[PDB]
Amino acid sequence: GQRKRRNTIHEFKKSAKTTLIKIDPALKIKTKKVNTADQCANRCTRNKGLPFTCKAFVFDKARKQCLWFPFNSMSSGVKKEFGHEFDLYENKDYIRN
């Protein structure tokens, strides 16, 4: 009855009004309708779920959706996007190199 620390979104790079794409052969993403970024976090931290342990994700505030990316705007074979009301959540411990 109190996730308190459960939410891990406080460890990702927060960049609202900013999202990311992908152009490399070994780079995909994941999407799930949702309510707020806080949610994506729990759904992003829980490893053993994303092929990339969810290194970064995004929350569409006008679409209440989630988009976990295996990388961040720093990764390669990839690029950043927008969405007006999206959200960029790149885990700092996973910031591609």
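Solution NMR is the method the PDB entry lists for this structure.

**Q** Would you explain the nonpolar core in this entry?
**A** In a soluble, globular protein the nonpolar side chains are often hidden away together inside. Grouped together as the largest cluster of nonpolar side chains are 15 residues, with contacts concentrated most on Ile9, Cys44, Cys54, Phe57, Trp68 and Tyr89. Residue assignment for this core shows that the elements contributing at least two residues are α1 (37–45), β4 (56–60) and β5 (65–69). Examining the composition of this core, we find that four residues originate from one element, α1, more than from any other. Leaving out residues up to four positions away in the same chain, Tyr89 has contacts with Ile9, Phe12, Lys13, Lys14, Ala37, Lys55, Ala56, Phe57, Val58 and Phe59. Formed by 10 residues, the second largest nonpolar core is a distinct cluster that contains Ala56, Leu67, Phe71 and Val78.

**Q** Whenever I open this one, the UniProt feature "disulfide bond" in the protein chain confuses me. Can you help?
**A** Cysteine pair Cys40 and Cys66, annotated in UniProt as disulfide-bonded: S-S separation 2.0 Å, below the 2.5 Å cut-off, and the bond is accordingly regarded as formed. Taken as a pair, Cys40 in helix α1 and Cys66 in strand β5 lie far apart in primary sequence, 26 residues in all. Of the two residues, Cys40 and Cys66, neither departs from the other in class, the shared state being buried. Disulfide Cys44/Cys54 (UniProt): S-S 2.0 Å, present in this structure. With a gap of 10 residues between them, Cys44 in helix α1 and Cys54 in the loop between α1 and β4 connect regions that are remote in the sequence. Neither residue differs from the other here; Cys44 and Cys54 are each classed as buried.

Conventions used here
- Residues numbered from 1 in each chain as written, not as in the entry; some residues may be left out.
- Heavy atoms only, no water.
- Core = buried A, V, L, I, M, F, W, Y, C linked by side-chain atoms within 4.5 Å.
- Buried < 20%, exposed > 50% of the residue type's maximum accessible area, 1.4 Å probe, protein only.
- Helix = DSSP H or I, 4+ residues; strand = E, 2+ residues; numbered from the N terminus.
- Contact = heavy atoms within 4.5 Å.
- Disulfide = S-S within 2.5 Å.
- UniProt positions renumbered as here; feature names shortened; annotations may be inferred.

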